């Protein structure tokens, strides 16, 4: 499954190709996919809801999907993942960008780090459920998002 500690083996050329292929369709309509992913996560994980101050009041999927706040947040998250996919060949660049992001989550947003892998799980499930390559990528992302904690 998706891990958020330790280390994972590098991505093989074959895994990268599989990932790019599976990701493309999802990213094409990122504003729709991203919202579905965030909404699904938010609704099925009550404990995490307190970390989204701007969502106070919204409870049903309909309320959420109509909120510009929800859409903007979802679009930013989905695009951060997109940047990681585009940087799979440049692991150094991928790290820098995510380390910076980790700092924001730890110092400014103050979000509980345990939820990174939960949302990542939803993303993986939507893009290519069961694919070990994508799970590896998600794990890399989660490990880096926790680096500043």
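Residue numbers count along the first chain shown, from 1.
Participant: Would you mind comparing 7 to 15 and 131 to 139 for me and telling me which has the higher average C-alpha temperature factor in the entry?
Facilitator: Per the PDB record, 7 to 15.
Participant: Give the stretch, out of 42 to 50 and 66 to 74, with the larger mean C-alpha temperature factor in the deposited entry.
Facilitator: Of 66 to 74 and 42 to 50, the stretch with the higher C-alpha B-factor average is 42 to 50.
Participant: Which of these, 92, 36, 114, 82, has its C-alpha atom at the highest B-factor, as the entry lists it?
Facilitator: When the deposited C-alpha B-factors of 92, 36, 114, 82 are compared, 92 is largest.
Participant: I'd like to know which of 110, 102, 60, 87 has the highest C-alpha temperature factor in the PDB entry.
Facilitator: The listed residue with the largest C-alpha B-factor is 60.
Participant: Name the third of the chain's ranked CA B-factors that contains residue 96, choosing lowest, middle or highest.
Facilitator: For residue 96, the deposited C-alpha B-factor lands in the highest third.
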